[PDB]
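Here the numbering used here is used: the first residue of the sequence shown is 18, the next is one more, and so on.
C-beta: ideal position from N, C-alpha, C; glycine also.
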Amino acid sequence: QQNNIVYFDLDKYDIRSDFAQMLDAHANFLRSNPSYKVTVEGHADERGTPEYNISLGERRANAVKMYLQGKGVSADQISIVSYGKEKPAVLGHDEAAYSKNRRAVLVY
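1. Around the Cβ of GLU112, are there at least 16 other Cβ atoms within 10 angstroms (buried) or fewer (exposed)?
2. Contact between the segment 63-70 and the segment 45-53: three or more CB pairs below 8 Å?
3. Exposed or buried, which one is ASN70 when buried takes at least 16 other CB atoms within 10 Å?
4. Strictly by DSSP, which residues pair up with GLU58?
5. So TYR84 is in the alpha helix (DSSP H); what residue range does that whole segment cover?
6. Looking at C-alpha atoms only, which residue of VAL122, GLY101 and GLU103 is the closest neighbour of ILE95?
7. For a cutoff of 9 Å on Cβ pairs, would you count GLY74 as touching chain D?
8. Using only CA atoms, which one of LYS104, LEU73 and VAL55 lies nearest to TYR30?
9. State buried or exposed for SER91, treating a residue as buried only when at least 16 other CB atoms are found within 10 Å of its CB.
10. If I measure Cβ to Cβ from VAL107 and keep anything under 7 Å in the same chain, skipping five residues before and after, which residues do I get?
11. Identify which residue in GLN86, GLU75, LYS104 and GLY89 has its Cα closest to the Cα of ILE97.
This is the structure we're talking about:
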């Protein structure tokens with residue numbers, strides 16, 4: 018959860034204002050280093066079918082990709098992968114765990 022994680026609200030994949038700055042820092046880094054590549058890994062909490070979550074995780078990873086592309090990062094430097102609700106960051110059946118799992122992580 019440090020300088021590379023975007024968190025989301027239940028069933029949403031929009032990027033909140035709160036994360037724009039952290040994301041701008043990554044865009045600046047990638048833009049000034051055209052040979053660097055980053056992978057955005059999207060996730061979802063355990064509520065709902067596996068397929069619904071794979072899709073929601075993809076839209077979340079995609080949202081980050083599009084935000085970075087909106088800041089001039091080349092589409093070639095960014096790839097996305099969705100783990101659905103298959104790779105949680107925290108086990109547990111409550112909102113404390115879930116909120117920590119609805120996320121997209123920039124991985125180098």
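Checking against the coordinates, here is how it stands:
1. Position 95 of the sequence shown, counted from the start, is the residue given in the question as residue 112. Result: exposed.
2. With the cut-off at 8 Å, the segment 63-70 and the segment 45-53 do not touch.
3. Taking the sequence shown and counting its residues from 1, one reaches residue 70 at position 53. Residue environment analysis places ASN70 among the buried positions, since at least 16 neighbouring C-beta atoms fall within 10 angstroms of its C-beta.
4. To locate residue 58, count along the sequence shown from 1; it is residue 41. Answer is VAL98 and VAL122.
5. As a first step, residue 84 must be located in the sequence shown, where it is residue number 67. Here the alpha helix (DSSP H) through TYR84 covers 67-86.
6. Here the question's residue 95 lines up with position 78 in the sequence shown. Ranking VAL122, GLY101 and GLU103 by Cα distance to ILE95 puts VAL122 first.
7. As a matter of chain content, chain D is missing from the structure shown, which is built from one protein chain.
8. Here residue 30 refers to the residue found at position 13 of the sequence shown. Closest option to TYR30, Cα to Cα, is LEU73.
9. The count along the sequence shown starts at 1 and reaches residue 91 at position 74. Exposed, since its Cβ has fewer than 16 Cβ neighbours within 10 Å.
10. Stepping through the sequence shown from its first residue, residue 107 is reached at position 90. Sequence-distant partners of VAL107 (beyond 5 residues in either direction) whose C-beta falls short of 7 Å from its own C-beta, in its chain, are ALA114, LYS117 and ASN118.
11. Stepping through the sequence shown from its first residue, residue 97 is reached at position 80. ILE97 has its Cα closest to that of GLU75, out of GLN86, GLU75, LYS104 and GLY89.
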